[PDB]
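Following: one structure in structure tokens, then a few remarks.
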There are 2 protein chains.
Amino acid sequence: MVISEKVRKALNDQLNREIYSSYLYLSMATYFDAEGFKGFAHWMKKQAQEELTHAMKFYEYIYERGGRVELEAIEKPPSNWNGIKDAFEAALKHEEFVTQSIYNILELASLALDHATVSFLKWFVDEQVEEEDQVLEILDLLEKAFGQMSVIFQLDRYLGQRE
Amino acid sequence: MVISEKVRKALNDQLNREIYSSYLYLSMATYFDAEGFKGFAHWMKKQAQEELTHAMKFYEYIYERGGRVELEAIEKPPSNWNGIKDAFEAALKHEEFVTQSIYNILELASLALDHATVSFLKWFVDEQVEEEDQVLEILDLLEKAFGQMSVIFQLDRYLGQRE
Ligand SMILES: [Fe+3]
Ligand SMILES: [Fe+3]
Ligand SMILES: [Fe+3]
Ligand SMILES: [Fe+3]
């Protein structure tokens, strides 16, 4: 049941990356709140909470497999963006990086014939598709506002509904 | 309604200190989980969640008062302690530092005649008393185990009950 160290290290690295992800989304919330979009800010706070659930999934899996977690320093995230689109494009680029990190754990797990970790990671592959899809949809809806503040505010209301 | 910058900065500093507090308690959880005390680890995870509620209280108060939040880098917390007592003594020392930081905001708020911030901080003064009390009680119960593993495990079970 004991997990290989190279896979352990990769999962611990990912845990720390999910923590930074949470912090980055909270920083995007600080931007939207300062720009007066409480709905966009709400969506970001929810996303920050979701990223913490990802981190704790990795946390508890590592201990299930006999490893231990070492928390690393969290870098200072950006706190400003040149507009709503710029913020969500930054979120999409961030998620693309997370997705490629997940595939690297998948590669290391299979090289170790660690099918338990391969199975564990399947949820995260599906979740990355979902999260990229949601960010693409927001970018699409924003593009289709064609700069009209009436539409942009209705989008703020919509994203403010996130459960 | 707009808050003074020196008080704004003090609240933003405290927000960042509550974030580190959350991270420190999660790190204590990683220690207890590696030592096989899932009840102690549970208590630490709950405390980490509580510290995030403190941080978000500061977050939303700053925006209520017309300020903005800037998130700073989170330092790497310690991840090892020389035993259960050592961990909780570290938590007590950490909370003592948080408490003196809260009083410094109180001083700056009153110098600005910012009674709104004085009122806001009253909950945190009471919460620090509560948190110091809980850590002192755990240290007392641990001391009274007199090294007996039977009692120490029942304490793990008790702390594992935290809602
Ligand atoms: Fe994630
Ligand atoms: Fe994500
Ligand atoms: Fe606190
Ligand atoms: Fe505290």
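Readers should treat all values here as calculations from the given coordinates under stated rules, not as data from a laboratory. As a convention, Cβ positions derive from the backbone with ideal geometry for all residues, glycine included, and neighbour counts pool all protein chains shown.
Does the range A:92-100 contain at least one residue that is among the hydroxyl-bearing types (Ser, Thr, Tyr) and either within 14 Å of chain B (Cβ to nearest Cβ) or in a loop (DSSP other than H, G, I, E, B) (or both)?
Start the filter on the range A:92-100 by keeping residues that are among the hydroxyl-bearing types (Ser, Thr, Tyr), which leaves A:99.
Right, trim to either within 14 Å of chain B (Cβ to nearest Cβ) or in a loop (DSSP other than H, G, I, E, B) (or both) and you get none.
No, the range A:92-100 has no match at all.
Any chance the range B:106-113 includes a residue that's of a type in the set (S, T, N, Q) and away from ligand 4 (no atom under 15 Å from the Cβ)? The answer is yes, given that some residue of the range B:106-113 is of a type in the set (S, T, N, Q) and away from ligand 4 (no atom under 15 Å from the Cβ). For the range B:41-60, indicate whether the set of residues that are within 17 Å of residue B:155 (Cα to Cα), part of a helix (DSSP H, G or I), among the small types (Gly, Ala, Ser) and in contact with a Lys or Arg (Cβ under 8 Å, 6 or more places away or on another chain) is non-empty. No: zero hits.
Please tell me if residue B:121 is over 19 Å from residue B:3 (Cβ atoms), within 16 Å of ligand 4 (Cβ to nearest atom) and more than 14 Å from chain A (Cβ to nearest Cβ).
no
The listed residues are B:71, B:52, and the only one of them that is more than 15 Å from ligand 3 (Cβ to nearest atom) and buried (at least 18 other Cβ atoms within 10 Å of the Cβ) turns out to be B:71.
Got a sec? Which of A:58, A:32, A:40 is crowded, with 21+ Cβ neighbours inside 10 Å, within 18 Å of the chain's Cα centre (by Cα), within 16 Å of ligand 2 (Cβ to nearest atom) and not hydroxyl-bearing (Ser, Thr, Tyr)? Steps first, answer last, please.
Details: A:32 fails: within 16 Å of ligand 2 (Cβ to nearest atom); A:40 fails: within 16 Å of ligand 2 (Cβ to nearest atom).
A:58 is the lone residue from the list that is crowded, with 21+ Cβ neighbours inside 10 Å, within 18 Å of the chain's Cα centre (by Cα), within 16 Å of ligand 2 (Cβ to nearest atom) and not hydroxyl-bearing (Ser, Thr, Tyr).
Scanning the range B:35-90 for residues that are more than 16 Å from ligand 4 (Cβ to nearest atom), more than 12 Å from chain A (Cβ to nearest Cβ) and among the polar types (S, T, N, Q) gives a single hit, B:82.
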